[PDB]
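Report on one structure; see the data block that follows.
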Amino acid sequence: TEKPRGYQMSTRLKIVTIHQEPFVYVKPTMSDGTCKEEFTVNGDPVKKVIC
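Written as structure tokens, this is what we have:
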């Protein structure tokens with residue numbers, strides 16, 4: 407009886423980037439997949455994502 411209208415508005419998105427410093431860096435990881443946690447000049451955690 408219901409109108410099966412609309413659309414499943416997705417919440418998992420695909421993002422495309424390119425290698426361009428100083429905007430986006432590219433670094434190879436460690437030997438166990440997760441790459442090296444580092445710190446800034448202030449000791450703040452440099453947030454990275456697994457590209």
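First residue of the sequence shown? That's 407 in the authors' numbering, and the numbers climb one at a time after it. Ideal Cβ placement from N, Cα and C applies to all residues, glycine included.
Coil, strand or helix - residue i by DSSP
i: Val452; result: coil
i: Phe429; result: coil
Distance CB(residue i)-CB(residue j) smaller than 8 Å
i: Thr446; j: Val455; result: no
Contact set for residue i: own chain, Cβ-Cβ below 8 Å, skip 5 residues either direction
i: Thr423; result: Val430 and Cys457
Close Cβ partners of residue i (< 6 Å) along its chain, the five nearest in sequence each way excluded
i: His425; result: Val432
i: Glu444; result: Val452
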